Amino acid sequence: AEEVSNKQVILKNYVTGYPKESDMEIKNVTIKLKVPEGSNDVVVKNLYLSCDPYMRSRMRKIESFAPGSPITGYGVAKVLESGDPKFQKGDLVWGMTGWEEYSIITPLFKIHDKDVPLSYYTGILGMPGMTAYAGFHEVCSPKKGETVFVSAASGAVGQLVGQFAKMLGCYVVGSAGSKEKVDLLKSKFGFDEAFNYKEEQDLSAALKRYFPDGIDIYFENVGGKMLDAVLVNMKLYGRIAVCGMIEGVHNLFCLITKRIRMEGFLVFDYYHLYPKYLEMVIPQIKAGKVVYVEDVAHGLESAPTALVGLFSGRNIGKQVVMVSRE
Amino acid sequence: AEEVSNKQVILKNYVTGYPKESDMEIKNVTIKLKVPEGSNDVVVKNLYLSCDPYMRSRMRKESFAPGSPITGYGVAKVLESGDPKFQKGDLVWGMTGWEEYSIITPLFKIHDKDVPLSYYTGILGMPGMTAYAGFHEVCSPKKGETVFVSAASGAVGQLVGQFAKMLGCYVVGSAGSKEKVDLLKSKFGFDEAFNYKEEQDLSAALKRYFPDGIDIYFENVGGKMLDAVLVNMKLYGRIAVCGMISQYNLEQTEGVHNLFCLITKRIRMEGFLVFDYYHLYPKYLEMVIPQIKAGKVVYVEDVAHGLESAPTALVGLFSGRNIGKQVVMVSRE
């Protein structure tokens with residue numbers, strides 16, 4: 001069997017406050033590229049690793065990461081060997097993998113379309129795209145002409161939700177944390193309006209300015225004070241898809257008077273709809289009708305920085321790490 | 001037209017904290033029992049008035065007006081009508097004034113008086129329709145699911161528990177006294193119940209009653225109770241947000257902290273108002289009335305007598321003096 005050096009990003013310890021580079025280290029080991037006898041494991045060479053916000057919670061003790069082992073997360077990989085009938089040497093796959101050059105994956109999606117850049121299978125064609133589609137299309141049951149608000153709108157998820165809303169004929173407003181993200185939202189992603197929540201003294205007032213007749217749909221990435229501001233601005237029968245949250249919420253009585261449906265979901269419950277997502281979004285990508293922006297960090301050695309950078313909000317759009325070229 | 005003296009319960013001032021009896025007064029006016037010449041109004045004699053917790057909010061600056069009668073749901077007899085739908089002698093229920101006689105702009109006609117008329121302020125009126133629409137529709141309940149009902153001895157929660165039981169759900173209720181807890185289990189057939197005041201830790205109390213979590217929360221209370229439920233919900237759990245009674249007498253609301261559970265447990269938490277479900281009211285009556293007459297569905301109300309008791313009845317409600325649904329009888333007829 002092939003035996004190769006394997007660079008890994010190890011969680012050195014659980015993190016309490018500011019996740020920092022020094023909470024991870026690079027370890028170099030030797031791996032044999034062989035399906036373990038008996039198993040239906042898959043042996044892969046990792047090509048891209050996604051840096052996704054949910055991973056931060058996994059660095060603290062609560063399934064969390066383990067000190068001493070590689071970080072894991074969504075990625076794109078090429079199969080080298082397989083004990084699973086459905087994958088063969090040479091297949092391209094996306095799903096959960098290790099933060100390392102080669103992983104052994106236990107019981108993952110096969111990639112069929114390679115006309116698109118492979119990096120997209122960490123964003124629009126991967127979990128963030130499926131998340132936006134599940135929350136917006138499935139949970140909010142949106143209708144043409146409805147008004148839509150997205151918090152953390154410059155994120156991997158939010159930027160898609162906004163474009164999907166536009167594609168449907170909705171009026172769409174986004175919230176973000178810098179001048180440059182706000183301009184990106186309007187100038188690159190086609191949000192009708194956007195605002196820097198940091199510059200507003202009164203979030204409810206600011207939502208009222210952009211939604212004079214109220215909000216039909218909130219794509220919730222934030223919670224707390226932002227949610228309170230959304231609640232008093234919702235239209236009757238308004239819908240809130242609770243995707244992510246980052247202060248006590250005081251305005252829940254608005255759920256009654258406005259008859260709001262507020263509903264949490266997890267993307268992995270909707271993966272049986274992924275083919276039907278690919279059929280909607282792939283042509284849009286081709287017709288240049290849905291755009292995507294991303295920061296690409298190069299090499300595993302840059303991965304600790306990239307991850308801390310994402311957690312920090314120090315980057316524009318989706319953060320990814322390219323593990324190797326080709 | 002007949003002209004009669006008309007006692008009225010007037011809101012004297014907007015209310016700060018818990019209402020007191022002195023926030024209201026009895027006034028006596030002369031009323032002409034006549035349909036205003038242009039209108040399709042109905043002239044009614046009021047027989048029963050409901051005391052409902054949502055009224056407490058209407059007492060602060062839709063809101064009630066200082067100097068004017070309190071208004072709310074009641075049961076009344078038609079004396080004169082400018083509306084072909086309603087005839088002299090009809091019994092109706094709907095919004096009316098806290099007074100002996102009201103002029104209403106059309107309101108449900110009552111057909112069955114083989115039940116107590118007071119029932120049309122509760123089990124057969126708005127609270128019963130709320131329990132029905134909230135549990136039967138909003139909660140999408142299934143046999144064998146676990147159900148928690150806050151303010152369970154209240155007018156709405158006491159029905160929710162019995163509906164859940166009829167479906168074969170396992171049902172637990174919270175109330176604010178030993179007497180109300182005993183009632184939930186002995187009369188309303190809740191599987192368990194507890195006095196919220198006697199629990200050091202609501203989250204741990206709910207874990208004890210629901211080892212595997214709560215499928216359905218019928219929410220009447222809000223606040224720390226909701227936070228304790230959130231951490232105890234099952235996967236794809238549902239919360240019908242009906243009322244938040246713990247919140248109505250506060251200058252500012254309490255912060256809810258556990259909404260991250262909506263994500264982890266994929267909960268649907270949905271507000272609703274009975275106004276949107278009155279299309280199901282004929283279905284609800286035709287189901288519930290046979291059950292009432294068979295003693296398969298039970299109700300507990302308190303009936304205070306005379307308009308002069310209404311302030312005390314209303315204040316009492318807001319502070320838990322009543323067992324079950326509070327009503328005021330204005331008159332017999």
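Just so you know, these numbers use all the heavy atoms, side chains as well, and skip hydrogens, waters and symmetry mates. The sequence lines fix the lettering, A, B, ..., with proteins before strands; numbering per chain opens at 1.
Annotation for A/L278: atom CG counts as buried by contact number, over 12 foreign heavy atoms lying within 6.0 Å. Crowding of A/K166 atom NZ: a count of heavy atoms from other residues, nucleotides or ligands under 6.0 Å exceeding 12.
Not one N or O on the side chain of A/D228 forms a donor-acceptor pair closer than 3.5 Å with the backbone of A/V249. A/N6 contributes a side-chain N or O that, together with a main-chain N or O of A/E101, makes up a donor-acceptor pair within less than 3.5 Å. Looking at A/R58, its side chain does come within 3.5 Å of a backbone N or O of A/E63 through a donor-acceptor pair. In this structure, A/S103 contributes its side chain and A/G98 its backbone to a donor-acceptor pair below 3.5 Å. Side-chain N or O atoms of A/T131 include none that pairs as donor or acceptor with a backbone N or O of A/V157 at under 3.5 Å. Side chain of A/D41 to main chain of A/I104: no donor-acceptor pair is present (N/O by atom type, distance under 3.5 Å, no hydrogens or angles). Checking side-chain atoms of A/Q8 against main-chain N and O of A/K27 turns up no donor-acceptor pair under 3.5 Å. Formation of a donor-acceptor pair under 3.5 Å by the A/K181 side chain with backbone atoms of A/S154 is not found in this model. Using modelled atom types, one side-chain atom of B/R238 and one backbone atom of B/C139 make a donor-acceptor pair closer than 3.5 Å. Side chain of A/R261 to backbone of A/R259: no donor-acceptor contact under 3.5 angstrom is found.
Taking the six-membered ring where the residue is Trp, A/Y74 and A/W94 present tilted rings, their angle falling between 30° and 60°. In this structure, A/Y274 and A/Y277 have tilted ring planes: the angle between them lies in the 30° to 60° band.
Within the 4.5 Å cutoff, the side chain of A/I240 has heavy atoms near those of the A/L231 side chain. Taking 4.5 Å as the limit, some side-chain heavy atom of A/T72 sits within range of a side-chain heavy atom of A/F65. A/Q319 has its side chain within reach of A/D295: a pair of non-hydrogen atoms, C-beta onward, lies under 4.5 Å apart.
A/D115 CG to A/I282 CD1: the interatomic distance, rounded to the nearest 0.5 Å, is 9.0 Å. Atoms SG and CD1, from B/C242 and A/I256 in turn, are 7.0 Å apart once rounded to the nearest 0.5 Å. Here A/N46 contributes atom CG and A/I105 contributes atom CD1; the two are 6.5 Å apart, rounded to the nearest 0.5 Å. Between A/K258 atom NZ and A/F253 atom CZ the span is 11.5 Å, to the nearest 0.5 Å. Interatomic distance, CG of A/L227 versus OH of A/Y218, reported as 6.5 Å (0.5 Å rounding). A distance of 7.5 Å separates CG of A/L92 from NZ of A/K78, quoted to the nearest 0.5 Å.
Taking 4.0 Å as the cut-off between side-chain N and carboxylate O, A/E146 and A/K235 do not count as a salt-bridged pair.
The two atoms that bring A/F265 and A/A241 nearest to each other are CE2-CB, 4.0 Å, heavy atoms only. Taking each heavy atom of A/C170 and A/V148 in turn, the nearest pair found is CB-CG2, 3.8 Å.
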| task | Take B/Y209 and B/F148, measure what ring-ring contact (aromatic ring centres under 6.0 Å, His included) needs, and give me the verdict at the end. | result | CA-CA 9 Å; B/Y209 297 110; B/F148 175 59; 8.7 Å; no
| said: Walk me through whether A/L300 and A/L49 qualify under side-chain contact (heavy atoms from CB on, under 4.5 Å). | reply: CA-CA 9 Å; A/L300 281 174; A/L49 302 168; 3.6 Å; yes
| Would A/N28 and A/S5 count as a side chain to side chain donor-acceptor pair (under 3.5 Å) if you check the C-alpha gap in whole Å, the side-chain angles of each, and the deciding distance to 0.1 Å? | CA-CA 7 Å; A/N28 292 275; A/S5 45; over 6 Å; no
| request: Any chance you could lay out the side-chain contact (heavy atoms from CB on, under 4.5 Å) test for A/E2 and A/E81, step after step, and finish with the verdict? | output: CA-CA 10 Å; A/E2 307 287 334; A/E81 311 283 356; 5.9 Å; no
